[PDB]
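Below, in structure tokens: the form deposited in one PDB entry, a single chain.
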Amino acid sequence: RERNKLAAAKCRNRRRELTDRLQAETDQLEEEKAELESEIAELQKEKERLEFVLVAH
């Protein structure tokens, strides 16, 4: 009853740590998506600038 108490406390502590680490890593994926969305926008602008130039050649 004494060593099961400790073992169970550690398990729940490890579970809680993983739950928090997953919330944090999910936020980063959501930030990486937004950052990709802005990189996509940037390259589409350069693409239109080039299309604008090439039509005249």
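Just count from 1 along the sequence shown to find any residue number. Residues that one form lacks are left out of the comparison. Rigid core here is just the name for the largest C-alpha set that superposes within 1.5 Å across the two forms.
For the pair 38-46 and 13-21, the record assigns the higher mean C-alpha temperature factor to 38-46. Per-chain ranking of the deposited C-alpha B factor places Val53 in the middle third.
Only in words, not in the display: the form deposited in another entry, which the text now covers.
Of the residues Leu43, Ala24, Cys11, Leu36, just one CA atom moves 2 angstroms or more between the shown form and the other one under rigid-core superposition; it belongs to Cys11. Look at the core-aligned forms between the shown form and the other one and you find a single run of 3 or more residues with C-alpha shifts of 2 angstroms or more, at 1-16.
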